[PDB]
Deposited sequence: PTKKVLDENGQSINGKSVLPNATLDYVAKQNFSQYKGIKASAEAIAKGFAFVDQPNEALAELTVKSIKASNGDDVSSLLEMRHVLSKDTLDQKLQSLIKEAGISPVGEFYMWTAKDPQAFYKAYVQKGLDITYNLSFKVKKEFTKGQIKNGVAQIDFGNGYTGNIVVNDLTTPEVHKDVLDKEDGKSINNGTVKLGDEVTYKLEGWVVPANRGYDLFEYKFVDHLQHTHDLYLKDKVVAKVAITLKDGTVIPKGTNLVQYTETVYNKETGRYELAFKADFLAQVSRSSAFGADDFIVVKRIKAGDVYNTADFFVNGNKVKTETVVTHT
């Protein structure tokens, strides 16, 4: 009995990391292909057939998406599901009529595939997501494999600098008419992940009454390897791979990588960028700054910084 975990493009990602909003798509096999041509006694058959799935404490909202035999048959109406509270919490599917299930599936060597999906609990923010299977045939129990995936919660920071590669001026003072540089520190997306990037984006709510947006610059925080083998050196200016927008009436600033560039990044390269926003102080008072960061639909906030005039 085996279980795999699959990505959007149907490929296995056992052992790879995923993000808090992941859907875990599992495919589990109840293996009867080794019983092809069997002649079991009648008391062995009457002990029946069952399949067990045991998720750990990370996983939540089970959805049985299908249960099918290898010949195409939808077999869900031949099984009885129980959720029980293998000796803790688990799901189990036993065949309602052992004899007829034996004749139609077991003795023909037809495997049954269970396609199950789960979400991650919001209060599981790190560690390993696990899912195990077992199977019971003619009363004999057999464990199979456990699939494992790390849950990585993203994390970002903001600082305010006098200028780039300069020094922090947080809670300090700024002369009227001067420039300051906000630095938004992106999360480094790790290598060995089980997903491709479609979104990598900052939203910064500038205090437009007191700060005038001049310009921005985005730079690689790590060497980035694309799928075709091209290395992008750490420190490189990533501007042509991004799109900036700034609304002068609201203060809303956005910097987003293009989907087409992010699709080129290799799953075994890390990926990260830092964003430097240059502003001019045009009014006295206390000036606060915060940002939000989105990575494939997952949102996190930076700390709030302040400067005075």
Parts of the chain sequence, as deposited, that carry no C-alpha coordinates in this structure: 86-104
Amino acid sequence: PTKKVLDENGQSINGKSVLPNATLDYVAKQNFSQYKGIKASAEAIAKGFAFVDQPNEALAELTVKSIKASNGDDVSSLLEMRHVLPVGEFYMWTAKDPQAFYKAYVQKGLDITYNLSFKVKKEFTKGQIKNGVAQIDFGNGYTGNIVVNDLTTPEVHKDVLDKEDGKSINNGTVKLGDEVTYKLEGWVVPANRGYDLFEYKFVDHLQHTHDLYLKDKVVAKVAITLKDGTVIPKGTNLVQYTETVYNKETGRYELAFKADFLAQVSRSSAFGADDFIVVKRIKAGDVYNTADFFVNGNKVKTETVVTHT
From here on, numbers count along this sequence of modelled residues.
Could you check the entry and say whether 144-152 or 227-235 has the higher mean CA B-factor? 227-235
Taking the recorded C-alpha temperature factors, which stretch has the higher mean, 202-210 or 162-170? 162-170
Listed options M92, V133, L176, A191: highest C-alpha B factor recorded at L176
Residue with maximal Cα B-factor (values as given in the PDB entry) among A50, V64, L255, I282: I282
With respect to C-alpha B-factor, does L6 fall in the lowest, middle or highest third of the chain as deposited? lowest
Thinking about Cα B factors across the chain, which third does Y241 belong to? middle
Taking only the Cα B-factors deposited for this chain, tell me whether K217 sits in the lowest, middle or highest third. highest
Among the modelled residues of its chain, the C-alpha B-factor of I129 falls in the third labelled lowest
Third of the chain's Cα B-factor distribution that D196 belongs to, per the entry: lowest
